[PDB]
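Data block for protein-v2.cif (mmCIF, N, CA, C and O atoms):
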data_protein
#
loop_
_atom_site.label_atom_id
_atom_site.label_comp_id
_atom_site.auth_asym_id
_atom_site.auth_seq_id
_atom_site.Cartn_x
_atom_site.Cartn_y
_atom_site.Cartn_z
N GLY A 54 29.92 21.77 -4.00
CA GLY A 54 31.08 20.90 -3.65
C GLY A 54 30.68 19.45 -3.44
O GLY A 54 29.53 19.08 -3.72
N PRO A 55 31.62 18.60 -2.98
CA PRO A 55 31.36 17.19 -2.71
C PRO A 55 30.23 16.97 -1.70
O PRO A 55 29.98 17.83 -0.83
N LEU A 56 29.56 15.82 -1.80
CA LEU A 56 28.45 15.50 -0.91
C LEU A 56 28.97 15.53 0.50
O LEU A 56 30.04 14.98 0.77
N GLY A 57 28.23 16.19 1.39
CA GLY A 57 28.59 16.31 2.80
C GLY A 57 29.06 17.72 3.16
O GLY A 57 29.10 18.07 4.33
N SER A 58 29.42 18.52 2.16
CA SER A 58 30.02 19.84 2.38
C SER A 58 28.96 20.96 2.55
O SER A 58 29.29 22.08 2.94
N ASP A 59 27.70 20.63 2.26
CA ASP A 59 26.58 21.56 2.31
C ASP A 59 25.64 21.19 3.46
O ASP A 59 25.27 20.02 3.62
N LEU A 60 25.22 22.19 4.24
CA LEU A 60 24.28 21.96 5.34
C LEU A 60 23.02 21.18 4.92
O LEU A 60 22.47 20.41 5.70
N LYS A 61 22.61 21.37 3.67
CA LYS A 61 21.42 20.70 3.11
C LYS A 61 21.63 19.19 2.88
O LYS A 61 20.66 18.43 2.78
N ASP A 62 22.88 18.76 2.79
CA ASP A 62 23.19 17.34 2.64
C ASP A 62 22.74 16.56 3.88
O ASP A 62 22.19 15.47 3.76
N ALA A 63 22.97 17.12 5.05
CA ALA A 63 22.57 16.47 6.31
C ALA A 63 21.04 16.33 6.40
O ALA A 63 20.51 15.32 6.88
N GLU A 64 20.33 17.33 5.92
CA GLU A 64 18.87 17.30 5.93
C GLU A 64 18.34 16.24 4.93
O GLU A 64 17.41 15.48 5.24
N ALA A 65 18.95 16.17 3.74
CA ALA A 65 18.54 15.21 2.70
C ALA A 65 18.73 13.75 3.15
O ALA A 65 17.87 12.92 2.93
N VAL A 66 19.87 13.45 3.79
CA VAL A 66 20.11 12.07 4.26
C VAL A 66 19.20 11.67 5.43
O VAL A 66 18.76 10.51 5.51
N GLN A 67 18.90 12.62 6.33
CA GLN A 67 17.92 12.38 7.40
C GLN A 67 16.53 12.07 6.84
O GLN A 67 15.86 11.16 7.30
N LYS A 68 16.09 12.85 5.87
CA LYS A 68 14.83 12.59 5.18
C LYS A 68 14.84 11.23 4.46
O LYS A 68 13.89 10.48 4.55
N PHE A 69 15.91 10.94 3.73
CA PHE A 69 16.06 9.66 3.02
C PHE A 69 15.97 8.45 3.97
O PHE A 69 15.25 7.49 3.69
N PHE A 70 16.68 8.50 5.08
CA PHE A 70 16.68 7.40 6.06
C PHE A 70 15.26 7.12 6.55
O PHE A 70 14.80 6.00 6.52
N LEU A 71 14.56 8.17 6.98
CA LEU A 71 13.16 8.08 7.42
C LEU A 71 12.21 7.55 6.34
O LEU A 71 11.39 6.66 6.61
N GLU A 72 12.33 8.08 5.13
CA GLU A 72 11.57 7.58 3.97
C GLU A 72 11.77 6.10 3.71
O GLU A 72 10.82 5.37 3.48
N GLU A 73 13.02 5.66 3.70
CA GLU A 73 13.33 4.27 3.42
C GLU A 73 12.81 3.31 4.49
O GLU A 73 12.29 2.22 4.17
N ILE A 74 12.89 3.71 5.75
CA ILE A 74 12.32 2.92 6.86
C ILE A 74 10.79 2.86 6.81
O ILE A 74 10.19 1.81 7.06
N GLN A 75 10.17 3.99 6.48
CA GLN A 75 8.72 4.07 6.32
C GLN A 75 8.25 3.20 5.11
O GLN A 75 7.32 2.41 5.24
N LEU A 76 8.95 3.30 3.98
CA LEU A 76 8.59 2.54 2.78
C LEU A 76 8.82 1.05 3.00
O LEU A 76 7.99 0.22 2.66
N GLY A 77 9.97 0.74 3.56
CA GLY A 77 10.33 -0.61 3.87
C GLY A 77 9.31 -1.29 4.76
O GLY A 77 8.88 -2.39 4.45
N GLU A 78 8.92 -0.63 5.85
CA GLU A 78 7.95 -1.23 6.79
C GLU A 78 6.53 -1.32 6.25
O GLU A 78 5.80 -2.25 6.63
N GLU A 79 6.13 -0.38 5.37
CA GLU A 79 4.85 -0.48 4.65
C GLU A 79 4.83 -1.70 3.74
O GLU A 79 3.86 -2.44 3.72
N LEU A 80 5.89 -1.86 2.96
CA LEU A 80 6.05 -3.01 2.07
C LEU A 80 6.01 -4.32 2.84
O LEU A 80 5.35 -5.28 2.42
N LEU A 81 6.69 -4.36 3.97
CA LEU A 81 6.73 -5.58 4.78
C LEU A 81 5.36 -5.86 5.34
O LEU A 81 4.97 -7.03 5.39
N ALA A 82 4.65 -4.81 5.75
CA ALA A 82 3.26 -4.92 6.23
C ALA A 82 2.26 -5.39 5.15
O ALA A 82 1.24 -5.99 5.50
N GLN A 83 2.55 -5.12 3.88
CA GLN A 83 1.72 -5.58 2.75
C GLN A 83 2.10 -6.99 2.28
O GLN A 83 1.33 -7.63 1.56
N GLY A 84 3.28 -7.45 2.69
CA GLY A 84 3.77 -8.78 2.36
C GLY A 84 4.90 -8.81 1.34
O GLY A 84 5.34 -9.90 0.98
N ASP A 85 5.39 -7.65 0.88
CA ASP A 85 6.48 -7.62 -0.10
C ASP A 85 7.82 -7.55 0.66
O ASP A 85 8.40 -6.47 0.86
N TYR A 86 8.29 -8.72 1.07
CA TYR A 86 9.50 -8.84 1.87
C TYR A 86 10.74 -8.45 1.08
O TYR A 86 11.66 -7.84 1.62
N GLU A 87 10.73 -8.83 -0.19
CA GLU A 87 11.80 -8.51 -1.15
C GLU A 87 12.08 -7.01 -1.25
O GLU A 87 13.19 -6.55 -0.96
N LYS A 88 11.08 -6.25 -1.66
CA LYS A 88 11.23 -4.80 -1.81
C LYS A 88 11.36 -4.07 -0.48
O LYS A 88 12.07 -3.07 -0.38
N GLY A 89 10.68 -4.58 0.55
CA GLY A 89 10.83 -4.07 1.90
C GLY A 89 12.28 -4.08 2.33
O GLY A 89 12.81 -3.08 2.79
N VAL A 90 12.94 -5.23 2.19
CA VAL A 90 14.33 -5.36 2.63
C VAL A 90 15.30 -4.48 1.80
O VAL A 90 16.26 -3.93 2.35
N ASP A 91 15.02 -4.29 0.51
CA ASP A 91 15.78 -3.35 -0.34
C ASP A 91 15.83 -1.98 0.30
O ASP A 91 16.89 -1.38 0.41
N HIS A 92 14.68 -1.50 0.75
CA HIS A 92 14.59 -0.18 1.36
C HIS A 92 15.17 -0.12 2.76
O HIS A 92 15.81 0.85 3.10
N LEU A 93 14.95 -1.16 3.55
CA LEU A 93 15.57 -1.27 4.85
C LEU A 93 17.09 -1.24 4.74
O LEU A 93 17.76 -0.59 5.54
N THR A 94 17.65 -1.90 3.73
CA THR A 94 19.12 -1.93 3.58
C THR A 94 19.66 -0.60 3.03
O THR A 94 20.80 -0.23 3.35
N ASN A 95 18.84 0.12 2.26
CA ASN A 95 19.21 1.50 1.88
C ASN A 95 19.34 2.38 3.13
O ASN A 95 20.29 3.11 3.26
N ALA A 96 18.36 2.30 4.03
CA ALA A 96 18.37 3.03 5.29
C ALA A 96 19.62 2.74 6.13
O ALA A 96 20.29 3.65 6.63
N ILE A 97 19.92 1.45 6.29
CA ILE A 97 21.10 1.02 7.03
C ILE A 97 22.38 1.54 6.36
O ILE A 97 23.32 1.92 7.04
N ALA A 98 22.39 1.58 5.04
CA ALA A 98 23.56 1.97 4.26
C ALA A 98 24.01 3.43 4.43
O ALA A 98 25.13 3.75 4.11
N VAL A 99 23.12 4.32 4.87
CA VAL A 99 23.45 5.74 5.06
C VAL A 99 23.58 6.08 6.55
O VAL A 99 23.77 7.25 6.91
N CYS A 100 23.49 5.06 7.39
CA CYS A 100 23.48 5.22 8.84
C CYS A 100 24.91 5.01 9.28
O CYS A 100 25.51 3.99 8.98
N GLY A 101 25.47 6.02 9.95
CA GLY A 101 26.88 6.00 10.33
C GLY A 101 27.23 4.98 11.41
O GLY A 101 28.34 4.45 11.40
N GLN A 102 26.30 4.72 12.33
CA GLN A 102 26.51 3.69 13.36
C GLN A 102 25.22 2.86 13.53
O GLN A 102 24.41 3.14 14.41
N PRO A 103 25.02 1.86 12.64
CA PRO A 103 23.79 1.10 12.55
C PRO A 103 23.67 -0.12 13.50
O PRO A 103 22.82 -0.96 13.26
N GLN A 104 24.47 -0.18 14.56
CA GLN A 104 24.43 -1.29 15.53
C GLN A 104 23.03 -1.58 16.09
O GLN A 104 22.52 -2.70 15.97
N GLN A 105 22.41 -0.58 16.73
CA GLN A 105 21.08 -0.75 17.34
C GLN A 105 19.98 -0.98 16.31
O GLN A 105 19.07 -1.79 16.54
N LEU A 106 20.04 -0.27 15.18
CA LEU A 106 19.10 -0.53 14.09
C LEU A 106 19.14 -1.98 13.60
O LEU A 106 18.11 -2.61 13.40
N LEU A 107 20.34 -2.52 13.39
CA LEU A 107 20.46 -3.92 12.96
C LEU A 107 19.90 -4.87 14.01
O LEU A 107 19.22 -5.84 13.68
N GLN A 108 20.21 -4.59 15.26
CA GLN A 108 19.78 -5.40 16.41
C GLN A 108 18.27 -5.40 16.55
O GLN A 108 17.68 -6.44 16.82
N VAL A 109 17.64 -4.24 16.32
CA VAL A 109 16.18 -4.16 16.38
C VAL A 109 15.54 -4.85 15.17
O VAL A 109 14.48 -5.47 15.29
N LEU A 110 16.19 -4.74 14.01
CA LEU A 110 15.72 -5.39 12.80
C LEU A 110 15.71 -6.90 12.97
O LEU A 110 14.74 -7.57 12.61
N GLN A 111 16.77 -7.47 13.54
CA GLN A 111 16.81 -8.91 13.69
C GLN A 111 15.83 -9.41 14.74
O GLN A 111 15.39 -10.56 14.65
N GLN A 112 15.46 -8.54 15.69
CA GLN A 112 14.41 -8.82 16.68
C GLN A 112 12.98 -8.66 16.15
O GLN A 112 12.03 -9.14 16.78
N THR A 113 12.79 -7.96 15.05
CA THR A 113 11.46 -7.74 14.51
C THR A 113 11.21 -8.41 13.16
O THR A 113 10.06 -8.47 12.73
N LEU A 114 12.25 -8.93 12.51
CA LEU A 114 12.09 -9.60 11.21
C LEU A 114 12.02 -11.12 11.39
O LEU A 114 12.69 -11.67 12.25
N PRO A 115 11.19 -11.79 10.60
CA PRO A 115 11.24 -13.24 10.57
C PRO A 115 12.67 -13.68 10.21
O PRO A 115 13.29 -13.06 9.35
N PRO A 116 13.20 -14.69 10.90
CA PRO A 116 14.58 -15.07 10.60
C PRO A 116 14.95 -15.24 9.12
O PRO A 116 16.02 -14.78 8.73
N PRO A 117 14.10 -15.90 8.29
CA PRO A 117 14.45 -16.01 6.87
C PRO A 117 14.57 -14.66 6.16
O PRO A 117 15.41 -14.50 5.28
N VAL A 118 13.73 -13.71 6.55
CA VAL A 118 13.77 -12.36 6.01
C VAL A 118 15.03 -11.63 6.52
O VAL A 118 15.68 -10.91 5.76
N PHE A 119 15.41 -11.85 7.77
CA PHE A 119 16.65 -11.27 8.27
C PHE A 119 17.87 -11.79 7.51
O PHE A 119 18.77 -11.02 7.17
N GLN A 120 17.86 -13.08 7.17
CA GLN A 120 18.93 -13.67 6.35
C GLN A 120 19.00 -13.05 4.96
O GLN A 120 20.08 -12.86 4.40
N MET A 121 17.84 -12.72 4.40
CA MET A 121 17.80 -12.04 3.11
C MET A 121 18.35 -10.62 3.24
O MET A 121 19.10 -10.17 2.38
N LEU A 122 17.98 -9.93 4.31
CA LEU A 122 18.57 -8.63 4.62
C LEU A 122 20.10 -8.70 4.63
O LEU A 122 20.77 -7.84 4.05
N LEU A 123 20.66 -9.72 5.28
CA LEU A 123 22.11 -9.89 5.30
C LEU A 123 22.73 -10.01 3.91
O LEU A 123 23.81 -9.47 3.67
N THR A 124 22.04 -10.69 2.98
CA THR A 124 22.52 -10.80 1.59
C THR A 124 22.53 -9.45 0.84
O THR A 124 23.35 -9.24 -0.09
N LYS A 125 21.65 -8.54 1.27
CA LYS A 125 21.51 -7.23 0.65
C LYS A 125 22.18 -6.12 1.46
O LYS A 125 22.17 -4.96 1.06
N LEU A 126 22.75 -6.48 2.61
CA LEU A 126 23.40 -5.53 3.49
C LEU A 126 24.42 -4.73 2.68
O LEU A 126 24.47 -3.50 2.80
N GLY B 12 2.12 -3.25 11.69
CA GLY B 12 1.82 -2.25 10.61
C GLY B 12 3.00 -1.34 10.28
O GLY B 12 4.07 -1.49 10.84
N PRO B 13 2.79 -0.37 9.38
CA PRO B 13 3.86 0.52 8.91
C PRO B 13 4.52 1.45 9.97
O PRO B 13 5.66 1.88 9.76
N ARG B 14 3.85 1.74 11.09
CA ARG B 14 4.45 2.60 12.14
C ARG B 14 5.47 1.87 13.01
O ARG B 14 6.00 2.43 13.96
N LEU B 15 5.70 0.60 12.69
CA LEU B 15 6.88 -0.12 13.17
C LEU B 15 8.12 0.71 12.90
O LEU B 15 9.09 0.66 13.65
N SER B 16 8.06 1.51 11.83
CA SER B 16 9.11 2.48 11.50
C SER B 16 9.54 3.34 12.69
O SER B 16 10.67 3.75 12.75
N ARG B 17 8.64 3.63 13.64
CA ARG B 17 9.01 4.46 14.79
C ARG B 17 10.02 3.78 15.73
O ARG B 17 10.83 4.45 16.38
N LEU B 18 9.99 2.45 15.75
CA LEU B 18 10.97 1.64 16.47
C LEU B 18 12.37 1.73 15.79
O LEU B 18 13.41 1.91 16.44
N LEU B 19 12.39 1.66 14.46
CA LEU B 19 13.64 1.79 13.73
C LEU B 19 14.23 3.20 13.90
O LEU B 19 15.43 3.36 14.08
N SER B 20 13.37 4.22 13.86
CA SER B 20 13.82 5.60 14.07
C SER B 20 14.39 5.86 15.46
O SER B 20 15.38 6.58 15.61
N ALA B 21 13.76 5.26 16.47
CA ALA B 21 14.24 5.30 17.85
C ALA B 21 15.61 4.67 18.02
O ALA B 21 16.43 5.12 18.82
N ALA B 22 15.84 3.57 17.31
CA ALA B 22 17.13 2.90 17.34
C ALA B 22 18.14 3.84 16.72
O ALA B 22 19.25 4.02 17.24
N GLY B 23 17.73 4.42 15.59
CA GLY B 23 18.46 5.49 14.91
C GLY B 23 19.90 5.12 14.60
O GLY B 23 20.19 3.95 14.34
N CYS B 24 20.80 6.11 14.66
CA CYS B 24 22.11 5.85 14.09
C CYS B 24 23.09 6.46 15.03
O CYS B 24 23.80 5.75 15.72
#

How does this structure look as structure tokens?
Amino acid sequence: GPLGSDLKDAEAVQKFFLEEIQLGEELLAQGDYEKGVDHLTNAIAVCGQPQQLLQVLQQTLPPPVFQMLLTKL
Amino acid sequence: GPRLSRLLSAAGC
């Protein structure tokens, strides 16, 4: 059936969110801000209530990189 | 480093 109707859908999105945050932060740690933010915004995009995540991101990202995140939000 | 991810996970959704 449609996405969300299978118990396995919840497990796949939880894994995806964690993967994207892990990949994003590795990329940012290597200096690839561009690709890092792509993955960070994928993570935010599947998060049902991303208030605290966004707030922590803006506290941990260089302001110019946070502005780029906003363009890809 | 990359375990900064644990802060993002804690914030969660």

Report as CSV: every residue of chain B with an atom at most 5 Å from chain A, its closest pair of atoms, and their distance in Å to one decimal, counting all atoms listed in the file, with rows sorted by chain and ascending residue number.
residue,atom,partner,partner_atom,distance
B:12,O,A:78,O,4.6
B:13,CA,A:78,O,4.1
B:16,CA,A:74,O,4.6
B:22,C,A:106,N,4.8
B:23,O,A:102,O,4.3
B:24,O,A:102,O,3.0

Expected axis-aligned box over every listed atom of range 97-101 of chain A, 4 Å added per side, centre plus edges in Å to one decimal, as lines of an AutoDock Vina configuration file:
center_x = 24.1
center_y = 4.1
center_z = 7.8
size_x = 16.4
size_y = 14.2
size_z = 15.3

**Asked** How would you write, as a list in words, the set of residues in chain B that DSSP gives as helix (DSSP H, G or I)?
**Response** residues 13, 14, 15, 16, 17, 18, 19, 20, 21 and 22 of chain B

**Between atom C of residue 118 in chain A and atom C of residue 95 in chain A, distance in Å (one decimal)** = 15.0 Å

**Asked** If you measure from atom O of residue 123 in chain A to atom N of residue 68 in chain A, what distance in Å do you get, rounded to one decimal?
**Response** 23.7 Å

**Message:** What's the separation between CA of residue 119 in chain A and CA of residue 14 in chain B, in Å to one decimal place?
**Reply:** 18.9 Å
